[PDB]
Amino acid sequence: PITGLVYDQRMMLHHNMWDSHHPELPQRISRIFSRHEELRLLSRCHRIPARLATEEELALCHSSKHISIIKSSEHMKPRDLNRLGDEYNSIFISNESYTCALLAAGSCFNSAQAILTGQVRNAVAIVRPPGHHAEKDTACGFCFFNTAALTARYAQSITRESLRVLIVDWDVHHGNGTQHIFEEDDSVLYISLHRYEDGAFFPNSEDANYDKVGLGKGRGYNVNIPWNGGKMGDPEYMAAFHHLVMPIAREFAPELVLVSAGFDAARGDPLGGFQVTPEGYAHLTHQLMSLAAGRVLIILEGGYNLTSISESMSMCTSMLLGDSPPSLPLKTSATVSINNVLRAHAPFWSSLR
């Protein structure tokens, strides 16, 4: 049983030239990687090489127009870069942004391929910029291309089109891009837990509410678990996994699990405002490992306290490597959310009835 790991310092080149203290920092990935070295986890993993995604691979989820515009940013002068970034919701662009986004995607493709061919049992991808806010035709929320979504389609492209992929998004923000990309699809089950606040939390859309359950043949295959009015932490995420995530996932019976693993729900995060502990993330990881014969790929999304994300993601890797899970009342607000979701998805999943 081997765990893969992919990391490439080249992905640090993506930077904000107007605000060098923007929280989506280059050192996000180098700090996580360093903590793996310190904990002697890195030597326990198989190093999976990073690669660039091809434009053909990008087209699995994105428009030719969107790909061309971001591709052209590589040669833009600062004026062009500034103005272009500004056309999007919460995006900064440097001349290295395109290449880094390509590396993030290709890294996850290589990891998915290594899992599916059986070279490794599971894997972690320490990548940036993040992806789950990226839409078919636009960049958003620090994201250019939707790495997790592209990875699911890539997985299908090297196995069979109907390969059942589960995406669990525990980043504190709703993955609007991933929801929309798979909204009419029953081969990819999207489950997101996110701070919602009646739509007041980024990305500020009611698309993230629990009553959005998918469209057409994808009805039932989109599960939003929205948190309102409360500093959620380990008890809340454990309860959601017990009543919602794991029952639905077991009925779906995925053949591959992708985790959009942002760590901005972590205690100490400057943007999330939640308090999930590294032990919390470990227990979430360990539960997901009981799915898909252990075929789990953990993909870095957000997370902005450098110490918090380093500790949290390293803990996940420790779980994937087979280490024993560390040891850990429910906020009533969380119970209301979980009940709203159970009511919304009972029509589709018998395990919830």
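Counting begins at 1, following the sequence as shown.
- Per the record, residue 328 and residue 329 are separated by a gap of 4 to 9 residues from the deposited sequence that were not modelled.
- The question of which stretch, 111-119 or 229-237, has the higher mean Cα B factor is settled in favour of 229-237.
- Mean CA temperature factor is higher for 205-213 when stretches 205-213 and 277-285 are set side by side in the entry.
- The residue among 135, 169, 74, 264 whose C-alpha carries the highest B-factor in the deposited model is 74.
- For the set 271, 158, 81, 191, the PDB entry puts the maximum C-alpha B factor at 81.
- Ranked against the other modelled residues of its chain, the C-alpha B-factor of residue 46 as given in the entry falls in the highest third.
- When the modelled residues of the chain are ordered by their C-alpha B factor, residue 13 lands in the highest third.
- Annotation for residue 196: C-alpha temperature factor in the middle third relative to the rest of the modelled chain, per the entry.
- Sorting the modelled residues of the chain by their CA temperature factor places residue 139 in the middle third.
- Split the chain's modelled residues into thirds by C-alpha temperature factor. Residue 95 is in the highest one.
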